[PDB]
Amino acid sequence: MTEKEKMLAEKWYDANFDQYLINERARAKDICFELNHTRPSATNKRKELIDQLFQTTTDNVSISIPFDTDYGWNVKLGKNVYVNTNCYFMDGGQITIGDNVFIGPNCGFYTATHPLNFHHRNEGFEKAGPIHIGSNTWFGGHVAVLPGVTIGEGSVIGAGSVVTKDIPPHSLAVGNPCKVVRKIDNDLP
């Protein structure tokens, strides 16, 4: 297996010296740089850059600058995804985002883990834990979502939350660590 294949299979992989992955990160970083330095009202240029970054034809994916991601192609997006300023989709592990998702400012979706033991960590190895973000979700500002976490459809994550464990669907959850407070009634009004 290549290092990319290991990354995508939830195995330890050589994040810092694999030329392929280095080059893919450099690609994404230069696109993010361009995007971050494109006037917000330059709508068509921004859409072109976002589509290049994610290697897809987005449908109402609104990205407020600055934005960051590692690979771009490893973020799978639904339609109607609203991403406020200063978010980071750290996507060595796939980040899957459903439809109708409101992401507040200063949110980090972190898929990278390093070894605890410094001898192994210092060698640059990582293990990626995918994040799944359900459709019909809302994240307040200043939220961090940790590796391997799933947020169920219909749920709301309060500002400042550190989401260390999976959140069931149709739930309001807040805190560090983030805990469910109560259910949400999402029936048709």
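Note that residue numbering begins at 1 and tracks the sequence as displayed.
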**OP:** Look up the CA B-factors in the entry and say which stretch, 28-36 or 154-162, has the higher mean.
**Re:** 28-36
**OP:** Output the stretch having the higher mean C-alpha B factor in the entry; the candidates are 136-144 and 59-67.
**Re:** 59-67
Subject >> Chain-wide C-alpha B factor ranking for residue 115, given as lowest, middle or highest third >> reply: highest
Original post:
Which third of the chain does residue 42 land in by C-alpha B-factor: lowest, middle or highest?
Top reply: highest
**OP:** Classify residue 181 as lowest, middle or highest third according to the C-alpha B-factor given in the PDB entry, relative to its own chain.
**Re:** highest
**OP:** Select lowest, middle or highest to describe the third in which the CA B-factor of residue 172 falls within its chain in this entry.
**Re:** middle
